[PDB]
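Before any questions on binding or motion, here is one chain by itself as structure tokens, the form deposited without its partner chain.
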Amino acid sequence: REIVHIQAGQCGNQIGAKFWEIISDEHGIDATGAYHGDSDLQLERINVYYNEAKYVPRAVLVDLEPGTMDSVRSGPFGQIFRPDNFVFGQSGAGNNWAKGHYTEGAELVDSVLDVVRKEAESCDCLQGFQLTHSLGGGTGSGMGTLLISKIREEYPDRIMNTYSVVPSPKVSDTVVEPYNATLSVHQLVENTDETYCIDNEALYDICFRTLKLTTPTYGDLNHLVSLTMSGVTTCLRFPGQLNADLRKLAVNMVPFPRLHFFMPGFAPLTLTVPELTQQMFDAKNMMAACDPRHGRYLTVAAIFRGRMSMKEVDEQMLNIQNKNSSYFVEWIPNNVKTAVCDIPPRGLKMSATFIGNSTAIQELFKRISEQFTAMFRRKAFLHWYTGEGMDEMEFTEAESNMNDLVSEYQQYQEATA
């Protein structure tokens, strides 16, 4: 039942802190852990992410670089987390996957696994873990993958959800990241049950083209990521019937294992139902940078939040499924699931969230693929890994697996009844 949150690296810690702050505001729990909301619905399923002793988050915070302690401790929710749960190293990884996966992750991984064990043994029944981390750095990616592998071999029967951000030149323009991204996507394909592939390029595009901004810093990007995380976990946090827990969600949304990469979408961006329904499918509202009309969705989960008529939303969802029936595969009957919740997110009245397993995600990996092709064929920075207990064979096999994943998505896009 309970979910053991995990976050690694700077990006993972930041997005996780935003997630916790937003859901705490939604659930009425103050910054000291006590409840001060005014609804019965808030406490119906509060044990999923919180512990009562005042409410304490069920989180473990990991970062090799030790400064991010104070930053995390300086946020609006810095004292609620269990002080033992902070598991921080001494030296940063320097954006190297092998540094965070073989030479320095291998030392702190034991302590973080022990903290995970201590957090898990305190739950009567456990659904699984959610890892908010980053695929571009050397601390979030390598350590995240190492912990995922260790937990999966230690808890073979737990659903390992994760949240991953694929880097873009428009945000950092650093050149070593795609190696880390490829090596991390290898483990994500092999050792994960579902994944919400967030793209920094997509967030930059939404911030610039739509929000009419110069799009600086990480504040707005993490704000959008927090909103999407709240939207996607709305079903698990509050009482309902669609995707009541992580395993039901994975059964509903993921056919064909190793093909479990999801395109999120949120609206509005910072108002009647029909424009919500039209926008949530639109290309201008995807946190994974692509055109959803360039591919065919395999499964879709649409979650509405606020006060709205059920007949109207049912009619409009039926209309959208009818109009765009070209893009919905005909060999998965009733592949669009719809949920409606009463509680709107903080500051928003009417909100819509979309999670779609679609073949369009393939072009994302292709993008990353080409970036890898831009460096691996040039032997760029190869010894940075070979000197750290890494071999070129892992690079080649990761490239091969990502290309095979692209081929799988294309094949299921082209297939017909």
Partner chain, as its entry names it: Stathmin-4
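Positions refer to the first chain, counted from 1.
There is another form of this protein, the form deposited with its partner chain bound, and it is not shown here; the text below is about that form.
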| said: Within 4.5 Å of its partner chain in the deposited complex - does that hold for a heavy atom of every one of 103, 149 and 153? | reply: yes
| task | Taking 4.5 Å between heavy atoms as the contact cutoff, choose which of 187, 226, 277, 285 touches its partner chain in the deposited complex. | result | 187
| What is the one choice in 32, 386, 47, 39 with a heavy atom within 4.5 Å of its partner chain in the deposited complex? | 386
| Is residue 364 close enough to touch its partner chain in the deposited complex, meaning at least one heavy atom pair within 4.5 Å? | no
| request: Give a yes or no for residue 210: in the deposited complex, does one of its heavy atoms lie within 4.5 Å of a heavy atom belonging to its partner chain? | output: no
| Contact flag, residue 390 vs its partner chain in the deposited complex, heavy atom cut 4.5 Å | yes
| Is residue 324 a contact residue for its partner chain in the deposited complex, using a 4.5 Å heavy atom cut-off? | no
| remark: For its partner chain in the deposited complex, the stretch among 343-351, 73-81, 277-285, 95-103 with residues bearing a heavy atom within 4.5 Å is 95-103
